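> Sequence, then structure. It's an experimental one.
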Amino acid sequence: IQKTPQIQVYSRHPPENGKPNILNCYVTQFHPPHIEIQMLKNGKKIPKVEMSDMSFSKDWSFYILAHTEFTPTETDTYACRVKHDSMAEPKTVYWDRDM
């Protein structure tokens with residue numbers, strides 16, 4: 001049947017407040033390919049998000065990478081929100097600084 005996405009949210013480099021960085025949302029192991037991915041800053045969709053082409057895995061699933069430039073601060077929250085038919089509602093995964 002439908003396969004549920006695995007979602008990994010991570011920065012390129014160890015985060016330092018006030019230093020520009022790249023935030024990534026890597027979504028894997030989903031089927032069918034229809035999916036909606038948003039990267040969020042304080043709950044608001046980030047307008048400048050780059051999406052890789054979607055690829056297919058030999059384990060019978062699709063994967064894709066969203067990323068954006070960001071500057072971490074003490075108070076800003078970042079997340080990736082993923083809507084897929086395998087799930088009853090969109091899943092929000094927070095960037096975890098305790099990472």
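That came through fine. Numbering: from 1, shown residues only.
> So residue 21 is in contact with residue 73, correct?
No - in this structure, residue 21 is not within contact of residue 73 by C-beta atoms under 8 Å, at 11.1 Å. Quick note: C-beta positions are derived from backbone N, CA and C, even for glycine.
> Pick out whichever of those two has more residues nearby.
Higher neighbour count among residue 21 and residue 73: residue 21, with 16 against 11, using other C-beta atoms under 10 Å.
> Write down the beta-bridge partners of the more buried one, one by one.
Residue 21 has the following beta-bridge partners by DSSP bridges: residue 70.
> Now do the contacts for it.
11-13, 15, 69-72 (C-beta atoms under 8 Å, 6 or more residues apart in numbering).
> what about the closest residue to residue 56 other than its chain neighbours, how many residues close to it?
Nearest in space to residue 56, with sequence neighbours left out and distances taken as C-beta to C-beta, 6 or more residues apart in numbering, is residue 62 at 5.7 Å. If you count neighbours by other C-beta under 10 Å, residue 62 ends up with 20.
> Can you name the residues bridging to the spatially closest residue to residue 51 that is not a sequence neighbour?
In space, residue 51 comes closest to residue 66 once its chain neighbours are excluded; the distance is 5.2 Å by C-beta to C-beta, 6+ apart. Legend: beta-bridge partners of residue 66 under DSSP bridges are residue 25, residue 51.
> how near is residue 66 to residue 1?
25 Å (C-beta to C-beta, to the nearest Å).
> Out of the two, name the residue with the larger neighbour count.
In this view residue 66 and residue 1 are compared by other C-beta under 10 Å, and residue 66 has more residues nearby, 20 against 5.
> Quick check, that one in contact with residue 27.
Yes - the criterion here is C-beta under 8 Å, and residue 66 meets it with residue 27 at 7.5 Å.
> unless I'm mixing things up, residue 56 is touching residue 64, no?
No - using C-beta under 8 Å, residue 56 is not in contact with residue 64; the gap is 10.4 Å.
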